[PDB]
């Protein structure tokens, strides 16, 4: 059952991202229950991403050294249990939830690092691109369903707690499948030398910084904008926040698919016009995404619908680059340094962005809110002001992509010379 194995792997990835983003949709309830501020809310995602980055390389090394299936299934079970246990935490305690988020990060890093290897080892033909395509499409759908399930479970059960209790169960079932169906899969100095040679690749460094900016934007936005929309509805007379998160997730999944598709199409069209089309299309998309991510805050007060269309277009643009960055990395770097290059790029993108970026946004929100008077209007304005920083980082990432475009051909030439000589 190789096809069933791929299907269950995709379902497990969906559940992985569902568990990752279930907290974002129910952030208001957690913050109100534990009596914490925006800083404490950020801590959750910040610690999760820190754990993910610190754990993924370990899990890759262990997967190539030890059985992949055992690690994958044990991870499924591990974060499922961690989530279901974190559902039960005394309101007085707060750090236990952060520890649970970190452990879920460990497990989800295990999965995100091992599952692609299994998907590849099951089968290597050109049809492998399609199977990996569905595996990766599990990502935006997973995030959208995370928001949807958070909102819906919170509304139906009557307590936010159950938002962390339904998802675990399914995971375990998926775990029971990942071992039943999937069959057995078919130099420190070298790593140091590869790194020492990668830092001198200007396009690689600039693309890494640009994707770090993208990580910053994605993390901050996807973690805060549900609460931001609820705050916007609160400050205005028409107040909802489950519906806001529901609509955000529904837009998120569709926007992820459409953004990937449009990025691929724009790449295919613009390559014929000129080489170095990937960095340039990425940078243009980043500029547009920054413009509309800044437009969301202006549209919030006037009406929520305009903010939602701004979300749509900005998500489309910022999401399109997700499929082009990998092609950029592949084109720049030679095969001897591709694995190390990818690992370093992932680590740097998680470090410079998506790790502490939600915490930084929450800290800024707290700073403005405490410096000024405390009230729904001030809280809304402070969250908007903090989120204002994300467009600047997106513009920085776009400039980095433009720089990468500048050095693109020369770096290709050096790579070709290294390969040939």
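Positions refer to the first chain, counted from 1. What we label the rigid core is the largest C-alpha set whose atoms superpose within 1.5 Å from one form to the other.
Rigid core superposition result in 4 other deposited structures of this protein, more deviant of 52-60, 36-44 by Cα: Comparing 36-44 with 52-60, the one that moves more in 4 other deposited structures of this protein is 36-44.
Given a rigid core fit, name the stretch, 105-113 or 255-263, whose C-alphas are on average farther from the form shown here in 4 other deposited structures of this protein. When 105-113 and 255-263 are compared in 4 other deposited structures of this protein, the bigger C-alpha shift is seen for 105-113.
Is residue 187 unresolved, in the sense of carrying no coordinates, in at least a third of the other compared entries? Comparison shows residue 187 dropped in at least a third of the other entries.
Is residue 144 without coordinates in at least a third of the other compared PDB entries of this protein that model the residues flanking it? Across the compared entries, residue 144 is modelled every time.
Deposited residues absent from the coordinates between residue 240 and residue 241, none, 1 to 3, 4 to 9, or 10 or more? The entry has 4 to 9 unmodelled residues between residue 240 and residue 241.
Unmodelled stretch of the deposited sequence separating residue 271 from residue 272, binned as none, 1 to 3, 4 to 9 or 10 or more: The entry has no gap there; residue 271 and residue 272 are joined directly.
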